[PDB]
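What follows is one chain in structure tokens, specifically the form solved without the RNA.
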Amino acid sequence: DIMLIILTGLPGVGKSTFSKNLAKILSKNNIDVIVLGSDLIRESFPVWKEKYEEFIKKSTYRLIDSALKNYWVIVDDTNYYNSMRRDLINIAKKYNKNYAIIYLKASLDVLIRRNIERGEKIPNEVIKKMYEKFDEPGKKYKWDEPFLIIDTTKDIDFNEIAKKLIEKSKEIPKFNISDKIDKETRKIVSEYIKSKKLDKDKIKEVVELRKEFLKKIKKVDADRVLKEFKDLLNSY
């Protein structure tokens, strides 16, 4: 009776806080659960470099795979693209475990204010673009439909959620390069902004630069594309 819980939701929506609260209640019910997410490995490097992301991603999948043989796993990650949620569901599929996607939502104004209170580590402008561009889960594939959609500005009943997940766990389980380029150019942009401490007008400019660059890319070799993106930001 092991299940895979897949969080999804934009930066600052409260994934990690929700993960820790849910884990506490599950363990109260004598469920063995582990919270795993890419930041565990990413933040173990003293700096960020794009070449680290492959190791970060694989390491995170490996831990989840190993963990899910013996424990419930809560995947604490933005999981912005359907391709990521697919990779995770395929881990559950490998071991015939049930899974539940839990989509955490909040308005853009809430995410911005939360970002501001945590020291605006990711740029506000970047959260705004992510918000505009986000394809909400379940809008394409039936396997991607959320088990729960949770408004994190309203009271959340963790006992009820726990009850529902343990019920689900007893049920019979039923079952991109463009994404990488999109994901890493965004991270590169955020890092440059933070590194070079760009002003608000410069921030708008580089976010717009990225948008234009990606239109050109679309209308590919990832490493060449990302290297050129870096060179472009430097040039600009």
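Basically, rigid core = biggest C-alpha set you can superpose within 1.5 Å across the two forms. Just count from 1 along the sequence shown to find any residue number.
Just so you know, the form solved in complex with the RNA exists too; it's not on screen, but the next bit is about it.
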{"item": "Contact assignment for the RNA in the deposited complex, among 36, 207, 26, 41, heavy atom within 4.5 Å", "value": "207"}
{"item": "Joint contact, 112, 153 and 163 to the RNA in the deposited complex, by non-hydrogen atom at 4.5 Å", "value": "no"}
{"item": "Listed range touching the RNA, judged in the deposited complex by heavy atoms within 4.5 Å, from 62-70, 186-194, 165-173, 26-34", "value": "186-194"}
{"item": "Interface membership of residue 81, the RNA in the deposited complex, 4.5 Å heavy atom rule", "value": "yes"}
{"item": "Proximity of residue 158 to the RNA in the deposited complex, heavy atoms at 4.5 Å", "value": "no"}
{"item": "Touches the RNA in the deposited complex: residue 218 (any heavy atom, 4.5 Å)", "value": "yes"}
{"item": "Contact test in the deposited complex: residue 141 vs the RNA, heavy atoms, 4.5 Å", "value": "yes"}
{"item": "Residues of 45-73 having any heavy atom within 4.5 Å of the RNA in the deposited complex, listed in sequence order", "value": "57"}
{"item": "C-alpha displacement of 2 Å or more between the shown form and the other one on the rigid core, among 196, 170, 28, 58", "value": "196"}
{"item": "Core fit, then residue 181 C-alpha moves 2 Å or more between the shown form and the other one", "value": "yes"}
{"item": "Core-aligned C-alpha movement of residue 206 between the shown form and the other one reaching 2 Å", "value": "yes"}
{"item": "Large Cα move at residue 226 between the shown form and the other one, threshold 2 Å, rigid core", "value": "yes"}
